[PDB]
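Form solved without this ligand, single chain, as structure tokens, below.
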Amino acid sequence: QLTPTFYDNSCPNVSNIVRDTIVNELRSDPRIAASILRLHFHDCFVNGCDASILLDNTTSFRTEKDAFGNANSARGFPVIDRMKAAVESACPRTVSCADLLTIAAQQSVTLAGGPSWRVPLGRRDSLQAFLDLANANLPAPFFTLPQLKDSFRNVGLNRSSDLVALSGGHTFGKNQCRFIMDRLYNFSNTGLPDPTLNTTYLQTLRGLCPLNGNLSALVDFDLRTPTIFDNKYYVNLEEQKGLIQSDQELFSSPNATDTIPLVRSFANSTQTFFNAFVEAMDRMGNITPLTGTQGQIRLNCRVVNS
């Protein structure tokens, strides 16, 4: 079983080294905290949190970095390399990349103003990467609520609270115009914008993402506090200001009878949201981990030990 004290003897300063690395990177890249949290999410949804997403291509298996949900989107890999090297220097062959990324995600959330907690540890690193599984398991912004629920249940998260709380990760970070073009100009082949998108915000988004414009242009997930980890994400949903389809469906989908009350509860209380986020984060971090002697303690997160 995973435990928060796993490295209290072998590498007591691991969390501090991770924090220091992120603090330093944030000065030149204010988006890195969001990027790191997302890497952990994409790691856990594919064969569990086993650092499989960090592996680069080999002639025997393809990298998950080329998955539809990661390609030209996932980022921060060199930063993970930096903290890994620092931890390896402080504590040789001790901290797995899987655990490192989990701590990095928690520290990223805390540094951005979110809750502070000690994540369960003891995960080990995968011996391969899973591109096909990543293409099948990572949810997409155009998913309906039933599809979002299916995606979470598929990896082991059955609770609507899991889905609603973890979606709160969109309280910060960036999103490409590419992913909302349909909502802005032609939703579900209706030739009209998504009716669940606030019409005033629709105008603003159309200005940032004009038709035939730069699809790679970036827009903030949270128009209220773009880089702060808080519950504003839910207040936006209540006003039909969720940025992507999957965000707004939590509040507007015909199948949202169970998610609406959660959205409201999280928008009404920061404490309720933070508590739910920590709970959901630990549940996600507990998805099919390799433990004990299974897998390895990867020295270079990009390659399997030889």
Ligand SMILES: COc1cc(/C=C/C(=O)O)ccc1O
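The numbering used is simple: start at 1 and walk along the sequence shown.
The same protein also exists as the form solved in complex with this ligand; that form is not shown, yet it is the one meant from here on.
Taken together, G69, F142 and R178 are fully in contact with this ligand in the bound PDB entry: each brings a heavy atom within 4.5 Å. Note on contacts: among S73, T110, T94, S160, the single residue with a heavy atom within 4.5 Å of this ligand in the bound PDB entry is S73. Comparing 189 to 197, 206 to 214, 112 to 120, 132 to 140 against this ligand in the bound PDB entry, the single stretch with non-hydrogen atoms within 4.5 angstroms of it is 132 to 140. In the bound PDB entry, this ligand lies within 4.5 Å of some heavy atom of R38.
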